[PDB]
Amino acid sequence: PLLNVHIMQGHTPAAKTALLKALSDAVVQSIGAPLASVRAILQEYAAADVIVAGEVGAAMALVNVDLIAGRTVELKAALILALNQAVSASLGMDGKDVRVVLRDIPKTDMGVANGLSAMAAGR
Amino acid sequence: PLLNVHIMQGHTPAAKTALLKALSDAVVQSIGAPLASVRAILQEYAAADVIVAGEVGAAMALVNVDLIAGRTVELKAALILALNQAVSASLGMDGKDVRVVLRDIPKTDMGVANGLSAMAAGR
Amino acid sequence: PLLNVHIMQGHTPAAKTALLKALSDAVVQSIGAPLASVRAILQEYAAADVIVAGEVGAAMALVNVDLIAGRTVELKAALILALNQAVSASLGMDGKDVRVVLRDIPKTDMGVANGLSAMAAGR
């Protein structure tokens, strides 16, 4: 799965390091994805650049997951839950302030190493 | 709906604040989304970081919307139009330079507070 | 097709211009998209903000493509391959460190100029 993570400015590099590791482990543990398929990249936002429920500057975290289609509803649920808890724990956040979005990508639509599709790679 | 907005560098803080509020209002009023479900986060780009129709540095704005599946085509048209107008009015841009992308996320695939899925929470 | 590209910090301005042009060319050449429909925007990441296969700071590149649904499996394979090669050639990267994700967007869900869906304007 390919994760892009969006957090508020203000956490330390060490805290953000632990978040990346915790998200990666959360993917491996919750759905059994091979470690080599797990990537996550992080971006920080100033409070002035976010709005939540009509309130500019309210805290949020967002984990977007592009992953190969075919996971059961139950594994998808485990993944959302594990990622939400990984963010809340790593950043000292309330889980109500975190959102996780899964985008099911068909195997013909997901690239892997050297520009082959996941279907081409026999995933 | 979760919005990530991509705009050119150089706009005033007031205009970016007005943009975020106008985007949130556009979602609530065009599709009747619960206010608590509406989040938007903003990212700025240097001209050197964009290419449009082969022209490097062409001004653009982009609104990506991850929203729960099931809205009618009619509601999606109202949403796309309302978001385009929110960008155009807030930033003083031509609507031809703005793009809106809606990504339908099944209720099993959309996280809500505390890492339950939208389906789990009875949406 | 609307591309958002994610690369590591530290590449030359010439390399990033070449990357934007090569990505645009790859889309036109591989699937026959009209040049006017092709946009790409670029974001750079610090080593501290990425994790790949559990390794914080491992170099990566990511090309996310939102495109109107309907392209065949073969055209998608050509696109994923061409985009991976545009990144690797432009940035001097190993193609194993690049990923491409395609997101099929129904015409009802893809905004075009002035807040109309691609269906309201017919793509």
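Residues numbered from 1 in each chain as written, not as in the entry; some residues may be left out. Chains lettered and ligands numbered in written order. Heavy atoms only, no water.

Visitor: Quick one: what's the story with the relation of the copies chain B and chain C, residue by residue and with numbers?
Guide: For the pair chain B and chain C, the best superposition has an RMSD of 0.3 Å and corresponds to a rotation of 121° with a translation of 0.1 Å parallel to the axis. Taken together, the rotation and translation relating the two chain copies correspond to the operation of a three-fold axis. Among all residues of chain B, the minimum C-alpha distance to the rotation axis is found for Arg103(B), at 4.9 Å. Little of the interface of chain B is mirrored in chain C, where only 6% of its interface residues are also at the interface. (Least-squares fit on C-alpha atoms. Contact = heavy atoms within 4.5 Å.)

Visitor: Can you lay out the environment of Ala26(A) for me, pointing to particular residues and giving the numbers?
Guide: Residues and elements named next belong to chain A. With respect to the secondary-structure elements, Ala26 resides in helix α1 (residues 13-31). Sequence separation of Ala26 and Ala78 is 52 residues, and the distance between their C-alpha atoms is 9.4 Å. Setting aside anything within four residues of it in sequence, one finds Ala26 in contact with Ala82, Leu83 and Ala86. (Helix = DSSP H or I, 4+ residues; strand = E, 2+ residues; numbered from the N terminus.)

Visitor: Requested: an account of the pattern of salt bridges, with residues and values cited.
Guide: All names here are of chain A. Inspection of the entire model under this criterion finds 18 salt bridges over all chains. Here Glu44 and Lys16 are joined by a salt bridge, their closest N and O atoms 2.7 Å apart. Placement of the pair is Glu44 in strand β2 (residues 39-45) and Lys16 in helix α1, with a sequence separation of 28 residues. Taking the relative accessible area as the measure of exposure, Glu44 reaches 34% and is therefore partly exposed. (Salt bridge = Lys/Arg side-chain N within 4 Å of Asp/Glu carboxyl O. Buried < 20%, exposed > 50% of the residue type's maximum accessible area, 1.4 Å probe, protein only.)

Visitor: Quick rundown of the packing of α1(A) against helix α2 (residues 73-91) of chain A? Include the residues and the values.
Guide: All names here are of chain A. Closest axis-to-axis distance for the α1/α2 pair is 9 Å, and the angle between their directions is 160°. When the interaxial angle is binned, α1 and α2 end up roughly antiparallel. The handedness of the crossing between α1 and α2 is right-handed. Contacts from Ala15, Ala18, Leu19, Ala22, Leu23, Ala26, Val27, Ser30 and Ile31 of α1 reach α2 at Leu75, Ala78, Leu79, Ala82, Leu83, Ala86, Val87, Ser90 and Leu91. Residues that form the contact of α1 with α2 fall into these classes: 16 nonpolar, two polar and no charged. (Axes fitted to C-alpha atoms, helices over the stretch in contact; angles between N-to-C directions. Parallel < 35°, antiparallel > 145°, perpendicular 65-115°, else oblique. Left-handed = near helix turned anticlockwise from the far one by under 90°. Nonpolar A, V, L, I, M, F, W, Y, C, P; charged D, E, K, R; others polar.)

Visitor: Give me the lowdown on the UniProt feature "domain: 4-oxalocrotonate tautomerase-like" (unreviewed entry) in chain A, citing residues and values where you can.
Guide: Residue and element names in this part refer to chain A. In the numbering adopted here, UniProt assigns the feature "domain: 4-oxalocrotonate tautomerase-like" (unreviewed entry) to residues 1-56 and 62-113. Between the end C-alpha atoms of residues 1-56 the distance is 31 Å, and the span holds 34% helix and 34% strand. Helix and strand shares over residues 62-113 are 37% and 29% respectively, and the end C-alpha atoms of the span are 26 Å apart. (UniProt positions renumbered as here; feature names shortened; annotations may be inferred.)

Visitor: Mind laying out the environment of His11(B), listing which residues take part and the relevant values?
Guide: Residue and element names in this part refer to chain B. Assignment of secondary structure puts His11 in the loop between β1 (2-8) and α1 (13-31). Separated by 27 residues in the primary sequence, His11 and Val38 place their C-alpha atoms 23 Å from one another. Setting aside its immediate chain neighbours within four residues, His11 contacts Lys16 and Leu91.

Visitor: Account for the interface of chain A and chain C, naming residues and giving values.
Guide: A common way to state how big an interface is: give the accessible area lost once the parts meet. Facing the 28 residues of chain A at the interface are 30 residues of chain C. Area buried by chain A at its contact with chain C is led by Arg39(A), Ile41(A) and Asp109(A), which between them contribute 27% of it. At the boundary of chain A and chain C, one finds two salt bridges. Note that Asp66(A) is salt-bridged to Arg103(C), the shortest N-O span being 2.8 Å. Along the contact surface separating chain A from chain C lie twelve residue pairs in polar contact. Sorting the residues of the side of chain A that touches chain C by element identifies α1, β2 and β6 (98-105) of chain A as the ones contributing at least two each. Of the residues in the side of chain A that touches chain C, the class split is 14 nonpolar, eight polar and six charged. With three bridges connecting them, β2(A) and strand β3 (residues 50-52) of chain C associate as antiparallel partners. Note that in β3(C) the partner of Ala40(A) across the bridge is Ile51(C). (Buried area = accessible area lost by both parts, 1.4 Å probe. Polar contact = N/O pair within 3.5 Å; in protein donor to acceptor, adjacent residues only side chain to side chain. Pairing = 2+ DSSP bridges.)

Visitor: Describe the interface of chain B and chain C, naming the residues involved and giving the relevant values.
Guide: The interface of chain B with chain C comprises 31 residues on the first partner and 27 residues on the second. Here chain B packs against chain C, burying approximately 2,400 Å² in sum over the two surfaces, 57% of which is carbon and sulfur. Counting the surface chain B buries against chain C, the share from its top three residues, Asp49(B), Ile51(B) and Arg99(B), is 24%. Where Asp109(C) meets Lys76(B), a salt bridge forms, and the shortest distance between an N and an O atom there is 2.9 Å. Every element with two or more residues in the side of chain B that touches chain C is listed here: β2 (39-45), β3 (50-52), β5 (61-68), α2 (73-91) and β6 (98-105) of chain B. Looking at the side of chain B that touches chain C, its residues break down into 17 nonpolar, six polar and eight charged.

Visitor: Outline unusual backbone geometry, listing residues and values.
Guide: Residue and element names in this part refer to chain B. A positive phi angle, near 50°, is found at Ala53, a position not held by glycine. Notably, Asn114 is not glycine yet its phi reads approximately 65°, a positive angle. Structurally, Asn114 can be placed in the segment after β6.

Visitor: So what about the sheet that holds strand β1 (residues 2-8) of chain C? Which residues, and what values?
Guide: In spatial order, the strands read β4(B)-β3(B)-β2(C)-β1(C)-β5(C)-β6(C); together these six strands make up an open sheet with mixed pairing. The two strands at the open ends of the sheet, each matched to only one other strand, are β4 (55-56) of chain B together with β6 (98-105) of chain C. Bridging between β3(B) and β4(B) involves two bridges; their strand directions are antiparallel. Within β4(B), the position partnered with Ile51(B) by the bridge is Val56(B).

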